[PDB]
Amino acid sequence: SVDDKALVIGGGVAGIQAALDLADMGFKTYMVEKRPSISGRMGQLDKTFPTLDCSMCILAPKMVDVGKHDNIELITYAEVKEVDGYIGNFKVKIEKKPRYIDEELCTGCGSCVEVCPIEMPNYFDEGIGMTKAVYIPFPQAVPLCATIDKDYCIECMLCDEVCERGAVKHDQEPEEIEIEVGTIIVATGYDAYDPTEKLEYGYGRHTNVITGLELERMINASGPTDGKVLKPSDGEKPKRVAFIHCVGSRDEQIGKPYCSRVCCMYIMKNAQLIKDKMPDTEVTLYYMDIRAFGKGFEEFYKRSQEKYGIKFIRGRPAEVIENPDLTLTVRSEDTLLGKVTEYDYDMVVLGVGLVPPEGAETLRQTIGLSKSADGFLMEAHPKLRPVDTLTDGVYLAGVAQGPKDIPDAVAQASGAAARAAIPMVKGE
Amino acid sequence: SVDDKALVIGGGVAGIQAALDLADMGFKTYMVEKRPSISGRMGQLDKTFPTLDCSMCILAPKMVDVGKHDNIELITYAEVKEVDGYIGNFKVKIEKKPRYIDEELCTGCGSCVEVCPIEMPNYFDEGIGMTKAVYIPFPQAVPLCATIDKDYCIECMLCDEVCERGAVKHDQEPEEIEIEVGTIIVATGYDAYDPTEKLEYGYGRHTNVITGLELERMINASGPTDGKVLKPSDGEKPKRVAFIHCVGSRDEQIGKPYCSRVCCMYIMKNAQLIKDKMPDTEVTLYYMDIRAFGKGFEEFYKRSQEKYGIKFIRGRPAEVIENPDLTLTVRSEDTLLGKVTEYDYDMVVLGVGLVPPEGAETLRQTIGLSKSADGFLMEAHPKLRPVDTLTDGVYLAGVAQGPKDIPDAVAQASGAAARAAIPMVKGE
Amino acid sequence: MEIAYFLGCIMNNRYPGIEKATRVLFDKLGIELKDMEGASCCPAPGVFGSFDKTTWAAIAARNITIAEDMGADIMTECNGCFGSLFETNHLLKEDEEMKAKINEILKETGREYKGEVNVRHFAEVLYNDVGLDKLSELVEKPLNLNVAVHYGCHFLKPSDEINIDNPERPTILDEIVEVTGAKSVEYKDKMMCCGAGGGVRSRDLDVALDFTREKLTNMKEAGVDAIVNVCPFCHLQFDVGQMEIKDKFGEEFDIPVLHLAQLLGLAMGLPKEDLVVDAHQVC
Amino acid sequence: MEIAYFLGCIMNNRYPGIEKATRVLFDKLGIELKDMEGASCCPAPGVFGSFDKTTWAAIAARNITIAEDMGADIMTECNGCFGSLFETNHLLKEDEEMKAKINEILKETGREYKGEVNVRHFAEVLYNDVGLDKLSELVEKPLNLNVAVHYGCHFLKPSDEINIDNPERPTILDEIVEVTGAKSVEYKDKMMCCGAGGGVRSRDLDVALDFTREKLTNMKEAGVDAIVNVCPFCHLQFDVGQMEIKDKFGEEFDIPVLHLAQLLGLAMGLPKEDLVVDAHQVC
Amino acid sequence: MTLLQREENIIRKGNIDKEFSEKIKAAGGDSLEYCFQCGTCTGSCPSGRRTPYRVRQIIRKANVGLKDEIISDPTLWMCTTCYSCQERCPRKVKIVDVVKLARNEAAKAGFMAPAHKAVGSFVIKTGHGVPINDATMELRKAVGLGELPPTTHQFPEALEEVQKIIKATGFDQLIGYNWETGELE
Amino acid sequence: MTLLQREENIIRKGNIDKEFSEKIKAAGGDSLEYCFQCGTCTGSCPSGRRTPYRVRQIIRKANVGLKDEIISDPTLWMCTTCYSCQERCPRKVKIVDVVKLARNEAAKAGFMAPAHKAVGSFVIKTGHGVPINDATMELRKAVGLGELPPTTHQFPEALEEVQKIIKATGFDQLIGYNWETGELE
Ligand SMILES: Cc1cc2nc3c(=O)[nH]c(=O)nc-3n(C[C@H](O)[C@H](O)[C@H](O)COP(=O)(O)OP(=O)(O)OC[C@H]3O[C@@H](n4cnc5c(N)ncnc54)[C@H](O)[C@@H]3O)c2cc1C
Ligand SMILES: Cc1cc2nc3c(=O)[nH]c(=O)nc-3n(C[C@H](O)[C@H](O)[C@H](O)COP(=O)(O)OP(=O)(O)OC[C@H]3O[C@@H](n4cnc5c(N)ncnc54)[C@H](O)[C@@H]3O)c2cc1C
Ligand code: SF4
Ligand code: SF4
Ligand code: SF4
Ligand code: SF4
Ligand code: SF4
Ligand code: SF4
Ligand code: SF4
Ligand code: SF4
Ligand code: SF4
Ligand code: SF4
């Protein structure tokens, strides 16, 4: 006997695709997402390589479809606490964290946000954007509902008095949900590598050194800078920008011997977008290999050079020095000139890699899955079962199985939907 | 109304996976394959990167499953001639070429092969292996049936006299099959780039210059050399081997501006396999970028250096010169030493890229699909619909959509199965 | 058929045998060679092109206007002069602003470049307008010679613009040569430069001679009897540089150097006097 | 406690003030410094390690056996000597064949390396065995001094083997220095080599002095009053090289060079004569 | 001899002339913007095999803007313009055009060999880079050709037109030709 | 002056000593087998900024086997062994060990500076690389320390033990020390 219900863990593009494929196939599907809204990392991007098309424009309709699908039960701001049983017979225990806002009553109008006096970081802005203690992470959020962070709320009750739907509930408590499913699809995505430990590059010490994901937020028109790339030091545009490849990847000094597989492309994309916004900006990339392996990627690389005049230096930088004026000198060999260079820049962007998300180990142990040498989840067979696991009834989709771009993750999510549907169609 | 039957075109790993996923989901599936047996290029490989596991060992069970599945009708040695209609209502006309052997009676014993006096090249051996005018492409063929090539048969009738099942039919005629299906999955794969036009590298003129796929056949234990890497000139092992990357790819002089995405990895794999078979052999790779982007790939690259002592030269070779003794001098800059090198080798292997298969244009026009810039089939949306096409009811799987490795193709095949099943489940 | 005849410098001023053989050959073929009165250095691309593009282009454009006034295409027997004139012609035809600048310079001379004629190589004219059959008919004595064909560089390259034959493995010169009964012998690095182009012969004679010495070693190991070229610049490099190599390193290859016109004349029974071998430093 | 005291060459033969300050300091701390009678050059890794690994290792192993006989750990206040002795110790302990070879060489001397003692740096001993609180207690006069701390390369590197502090951004020496009331001033390229290691000072004095001049420029722009080091090799480079730079290029930095022991003695109210600043070329 | 050299072993903004790169690109070398430094050009180069000339590095420096390093480089004059590199470049860079533009800049900077100036002066005086001599005059006479070819050697007006072009383009000033004395400066 | 140089501008098998690479790897430089030439080492190198010394290229040559090019290279002696490169190498290559092994081979080939030999001879004669002088004897006396440190300066037997070690390892012959005369030759 195989229960004909599915659980999808994670609300990124991979989880969204898996859930929509399962629901369109007729299976009732739960989706558990730990953030107040689905979207994952794709919703944070401004544009996507290699087309430079807007990510939100194409992701938001799918998020809406998820939020309105008859066969999908969306549980945001929640986490899987326990998993027991086996294929077709999984008992799952989920803990819905308290929003202190009534999801059924909140319309997401935002008045409570306007009236709140307490400012706090917005997780969606990756440490460079502010919001209020009561917030909506981004205007396209699904569900379009508010959330109160109690570590910052001072219980002023202004939000309570400004809301008209009576949606504010300061007395809300965490809720325990128990569900029964036949299959599980883990689509928990990734986190950007934190380069603070790369002391020679100076992240967290030098003012004008940022990560690629922070740059994504700054370029984004809905970001905290209204889409303007500005120096953190003074709030002015940088005349000179350097990008550094392979930060947090291909590096045994930090125990990260793998390639993060997307950094080269998003580096080139961000460089092109900077040039598009500010044609006078000089942009330079320090790389080891340009890995433009995907469909149209090599053409994207050529275009980075021919069309936008982006400079490529083959050399892994030795150091980033902050000057007194807060400009940055990158000290690096140009291995093709065979000489040491010390070039000055107004901003330096670290091409951070991809790592397993915070809390990956806890969920891995809850389900009982194995992990690969790079810390991501291990598939049943690397050649012929990329989305299966040796735990029957549990499948992998997206960067949960390892670093990769959006189309590869989407293909994996569709495949996992198929593989999970097979046992559920069989019924036993 | 949507017919609940599917057609899968191509019998490679992608087509095999798509067909098995659809059949296991309960839909009746036709598979059409132009070669006498399914397997595609995967069945030609000896081992697979990054694990060096045997390709046939893991592919053959799936081929058997396809050949015995109740929900799959396998039509090998056949081609789709016409496609009419639309999603859920496709009328397809297939032409089964005459084997001159009765598929129902042939047991694949091989006696006819032993008795035939006419030798001809075996397509499965990629131009370096011989068989008879009546042949079985490889021992794991599905169906395990003979085929007579009439361009070489002299009608001696020895095969008729030796066969005991009465399976030889010299009077067989091509057969027309008409089927009705609701969806189509194009999984037609690729062909290795032919480097004859790269005159400076000398393929087809220099005796000891071979392609990567030829090397796959020579390495394979069931290949025409019994798995021994032998110089074509004299049939002895090569003491020195060079590999050249990006042959037929990343090259505007031949109108191939894309990266073939797998050649770096299979180059390193075959170098490692050569070292394993003959530890004394010296192996050198001429590359531009090492694109070891996949899971475990960067580790595979490191291992190529640390464990096997494979030498890496960053330089795109200018020329390959054949010496009087038939050794080969590779003339190339070492860009990291910044100097021209002329190194001698006993064999040179061209890392040929991937191109659309012969006859791709005809099938594309028959179905009515669009092609991308690189000549492969165009998906409906490069980010969010990688396996769909703008022609409703037609989907893409595997290298048909563009160069990629086995796990990516398998994920695409599973995804295409899901996407095709959705309309068929809906029924309208 | 009529065609303007550009001579250059080296053929008309150091090796007039090439000019005489060409004139006799084209007279035998029914092609009217019309002199380009007042023509100058093409000018040689190696020096002038390296020094000032505008001067090189203006001088070449004046040379082209001579033929334009004569109303005929230009035929050149020199790879160097062909490269210079052909490049200038297509540059001025494909670019209006540069044509305006060059014509502004030329206005002082009373001339105006119009872009009305084509520049053609001697070998291309022979191969296409005459054909191998007619050349074979004119042979009076098949030659028992093993020859090393030196294509030169500016006959076929840049191939994108010239589009005469495949630069890596051409056959046109080999076929013309074998029409005479001589055998074109393959040798190592056959397509390599002679070292004289780009001003290198005058800038660094030792480097250019090293090119020539490498080529001569490869030809000698192939056991050829003579070198055949379609470039008086390459002709001079091989001829004089064999003497220079012999005098500098004491290595003598003693391989005769023949222009393709001279080889054809030898096969066509031309008088020995007409072939001015007295000009050749290598006997 | 007790610890064997290795002196090296430069401290005992050019700057005995460092030795005297060390002896007085350790006497105040209740740590018995036991002489390593018959000790030689460690030997200096730059020359001996570059010339012959076996000779370097054998001499260092003899130095280590001197302490092994006393059954005490070795304390060195020289980065160079620490690097040499520590590397030799961990090489012989972790490799049996090399230990056998070195002991075979040592048979003549009548000694045998056993791998029974540890090699420790002066700063590590101060930081771990004593601690910042006791050092702060022993301070009699806080110093009003802006100091440029020169770590020197072989104190912390290779960090995989030494594992004392983070080589990129260490703090141990800075904390010890600030215990005295002096301020450790950050300056550009603070972790850069002084240029004297690896034999460079003796092989190419100009290159090593260029290292020192770059470092001195960076220190001067930071407005420091003195340099503090834990290496008599670095001490000599800075001290003598300031004079050499003044003589060669006329640059006048005039920045005093103090070993960490001398700084601690100054903060500890030791007699001025015990610092033996008469040895310093820079006043 | 010391190995110390504080300017030759490091690249800073002070070694870079951006206007030089822009001028080269605008004059027809724009394709240099997009080579990916594969080294096919250097591998094909016959001069690279016997001199320190490295065409790939010339292209690299042109992209970076190291004007002083390029134009003062003697190896720049080792290129014979054989075009082999340009025939093989996978990014279709117009290498020979870049080399010639760099050479034009070098000549403008005064890096002209005396022999090349001698060729220029021969063209100025006679209209031929290789003027005829007496032995060839008599040899031409022997075979029935004219004593002089129908070139600027025969027609003074043609030489006057060539000299007018040379004056108008300033080429006489580039090589330091003195018209009054007919000698080089 | 001609730029022609037939042997310095091309690498063939004749420039390669494979036994040299094997000897270096077997002696503790095996990690040089697997750098991917990222150039972090050169970027970190303080000597690379002011001399022609390029550590990445030394590692590359060691891998290729260009023994004669390495051991005869003066720039090989520009490394101070600061270890910065080795601290940052992403492939964890033991760069300094490779440099020291190459230096040992160079010394065996006779590429030893006279000053380094002088240091060796000082150690042979006195057991100290930097032996004491009169002024320091006076300062040691004045500051309460002994006139001589308790080292090979004080104990002749210790000096004889050091000299026995030097004889047994052959170091005296490496630097050409003559025991009878006490000089270098
Ligand atoms: C700077 C940058 C730029 C990029 N640009 C591009 C580009 O241009 N084009 C492209 O194709 N790709 C790009 N990528 C790659 C792309 O981001 C990924 O391929 C894609 O986001 C993977 O989606 P996913 O759904 O697998 O994971 P994610 O996007 O990480 O989504 C995972 C979801 O799961 C949730 N989750 C995590 N843990 C739990 C848990 N325990 N319980 C419940 N929910 C959980 C997360 O909160 C999130 O909602 C880029 C990546 C980066 C870092
Ligand atoms: C030398 C080499 C080594 C490789 N090594 C590896 C490796 O180690 N690991 C790895 O993961 N990947 C490897 N790859 C890549 C791998 O081969 C592909 O990812 C994989 O084969 C794609 O399978 P497919 O089913 O999409 O296409 P294919 O394998 O090409 O199969 C397509 C099938 O369709 C059939 N077909 C074609 N046209 C028609 C038609 N008109 N009608 C009917 N049938 C048709 C073909 O005959 C064939 O049976 C390698 C590739 C090469 C060239
Ligand atoms: S809590 Fe009330 S005011 Fe705030 S978004 Fe929801 S409905 Fe609007
Ligand atoms: S009660 Fe909390 S969330 Fe509401 S307005 Fe006050 S601080 Fe903000
Ligand atoms: S994708 Fe590019 S930048 Fe990212 S780790 Fe791989 S090589 Fe480095
Ligand atoms: S045709 Fe007959 S002999 Fe040949 S394989 Fe089939 S059954 Fe065997
Ligand atoms: S009839 Fe044809 S296939 Fe059969 S044995 Fe004869 S040649 Fe072979
Ligand atoms: S995968 Fe590697 S070998 Fe193949 S085209 Fe791309 S870079 Fe070249
Ligand atoms: S061949 Fe072309 S792409 Fe390659 S380095 Fe030379 S100019 Fe650049
Ligand atoms: S054109 Fe110049 S750079 Fe290019 S191959 Fe010829 S000589 Fe070398
Ligand atoms: S840093 Fe390490 S991997 Fe990079 S070039 Fe230097 S030795 Fe090789
Ligand atoms: S150890 Fe030598 S090569 Fe490495 S950074 Fe220091 S000086 Fe440079």
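Residue numbering restarts at 1 for every chain, and letters A, B, ... go by the order of the sequence lines. In listed order, ligands and their atoms are each counted from 1. Reckoned from all heavy atoms, side chains included, excluding hydrogens, waters and symmetry mates.
Considering only non-hydrogen protein atoms, atom 7 (S) of ligand 4 sits nearest to A:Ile154 N, 3.5 Å. With hydrogens left out, the protein atom closest to atom 2 (Fe) of ligand 4 is A:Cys153 SG, 2.3 Å, a heavy atom. For atom 8 (Fe) of ligand 4, the closest heavy atom belonging to the protein is A:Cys116 SG, 2.3 Å. What sits closest to atom 6 (Fe) of ligand 4 on the protein, heavy atoms only, is A:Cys156 SG, 2.3 Å.
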Listing, residues 110-122 of chain A side-chain donor-acceptor contacts under 3.5 Å, not counting sequence neighbours, or none:
residue, atom, partner, partner atom, Å
A:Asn122, OD1, A:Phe124, N, 2.9
A:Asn122, ND2, A:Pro137, O, 3.1

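Close approach to A:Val134 involves these atoms of ligand 4, each under 4.0 Å from a residue heavy atom: 3 (S). Numbered from 1 in the order shown, with element, the atoms of ligand 3 that lie under 4.0 Å from a heavy atom of A:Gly108 read 5 (S), 6 (Fe). For ligand 11 and F:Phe36, the ligand atoms under 4.0 Å from any heavy atom of the residue are 3 (S). Near A:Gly110, meaning under 4.0 Å from one of its heavy atoms, ligand 3 places the atoms 5 (S), 8 (Fe). Interface of A:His170 with ligand 4, defined as ligand atoms under 4.0 Å from a residue heavy atom, comprises 1 (S).
Taking the six-membered ring where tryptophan is involved, the planes of B:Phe297 and B:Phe293 are tilted, since the angle between them lies from 30° to 60°.
The side chain to side chain contact (heavy atoms under 4.5 Å, CB included) with A:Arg316 is formed by just one residue from the set F:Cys89, F:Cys41, F:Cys38; it is F:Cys38. Among A:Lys256, A:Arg291, A:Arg261, the single residue meeting the salt bridge (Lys or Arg N to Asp or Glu O under 4.0 Å) criterion with B:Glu298 is A:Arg291.
Counting only distance, with no hydrogens or angles, the side chain of B:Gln305 and the backbone of F:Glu33 share a donor-acceptor pair below 3.5 Å.
Here 1 is the count of protein N, O or S atoms positioned under 2.8 Å from atom 6 (Fe) of ligand 11, waters not counted.
Taking the ring centre of A:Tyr193 as origin, the terminal cationic atom of A:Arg250 falls outside the region bounded by 6.0 Å and 45° from the ring axis. Geometric assessment of D:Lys190 against the ring of D:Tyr151 yields a negative cation-pi assignment under the 6.0 Å and 45° thresholds.
Expressed to the nearest 0.5 Å, how far OG1 of A:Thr335 lies from CZ of F:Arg60 amounts to 11.5 Å. Here CE of B:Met288 is found 10.0 Å from NE2 of B:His245. Values are rounded to the nearest 0.5 Å.
Counting heavy atoms closer than 4.0 Å to ligand 4, residue A:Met157 contributes backbone atoms (N, CA, C, O) but none from C-beta onward.
Checked by atom type, the side-chain pair F:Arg54/F:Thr42 shows no donor-acceptor distance below 3.5 Å.
Counting only residues at least two apart or on different chains, the salt bridge (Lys or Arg N to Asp or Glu O under 4.0 Å) pairs with a member in residues 154-166 of chain A are A:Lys150-A:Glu155.
Using a 4.0 Å cut-off between charged side-chain N and carboxylate O, F:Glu69 and F:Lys61 make a salt bridge. A salt bridge links A:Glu319 to F:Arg88: at least one charged side-chain nitrogen sits closer than 4.0 Å to a carboxylate oxygen.
Atom 2 (Fe) of ligand 3 has A:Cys163 SG as protein N, O or S atoms under 2.8 Å away.
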Practice prompt. Take F:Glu87 and D:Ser159 through the side chain to side chain donor-acceptor pair (under 3.5 Å) test and state the conclusion after the steps.
Written response: CA-CA 7 Å; F:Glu87 290 297 311; D:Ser159 53; 2.4 Å; yes
